[PDB]
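Student: Here it is: the structure, laid out below.
Where a number appears in this text, it was derived from the coordinates with a stated rule and is not lab data. Here Cβ is always computed from backbone atoms with ideal geometry, including for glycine, and neighbour counts include all displayed protein chains.
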Amino acid sequence: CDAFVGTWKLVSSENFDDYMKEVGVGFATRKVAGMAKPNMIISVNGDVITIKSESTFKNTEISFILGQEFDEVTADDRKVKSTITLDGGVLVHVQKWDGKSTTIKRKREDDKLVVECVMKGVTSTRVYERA
Ligand SMILES: Cc1c(Cl)cccc1OCc1cc(=O)n2nc(-c3ccccc3)nc2[nH]1
């Protein structure tokens, strides 16, 4: 995961409100979450990867081993079963809850870390650069 490790700042967002709607996030949480622009930190220690926020909305921190399911409480307070794998150089994060599923892909492209959040047919793209 070397090219992912670091501190990343949000530079652009498209369709994130629509993504959150499709996920089922309520109005007030969408408004506050949509404004929040924390930097996102990826660190690695051995086989354990950590993804952490620093948010004005809600701080989060997940630690995991690739391929191994874990419990995650998302920023919008869903309790999900998550699995994150590294597929062709892309981190692929699947969240399962209440019979539903969403996938978040994170990939390096040029000097960007591009996050693609997909819920059914809705995709949001959020672009980060090194802080
Ligand atoms: C905030 C939120 C709500 Cl309320 C609801 C559903 C999904 C959400 O976030 C999903 C989501 C949005 C986003 O901007 N990022 N940025 C990263 C990222 C960027 C660089 C390095 C590591 C991780 N991961 C995500 N995941």
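Student: Nearest 500 deg cm²/dmol is fine: what mean residue ellipticity at 222 nm does the chain get from its DSSP H runs of n ≥ 4 alone, each adding -39,500 (n - 2.57), divided by its residue count?
Tutor: Counting only the DSSP helices, I get -3500 deg cm²/dmol.
Student: Working out 0.36 nm times the residue gap between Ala36 and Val94, then minus their Cα-Cα distance, what length gain in nm do you get to one decimal?
Tutor: Additional length available on full extension: 18.6 nm.
Student: Could you calculate the FRET efficiency of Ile65 with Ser12 from 1/(1 + (r/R0)^6), where r is the beta carbon distance between them and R0 is 30 Å, rounded to 0.05?
Tutor: Values: r = 31 Å, r/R0 = 1.03.
According to the calculation, E is roughly 0.45.
Student: Any chance you could tell me what percent of the C-alpha pair distances in the range 2-127 go past 24 Å? Don't jump to the answer; show the numbers that get you there.
Tutor: Values: 1638 of 7875 pairs.
The share of Cα pairs beyond 24 Å in the range 2-127 comes to 21 percent.
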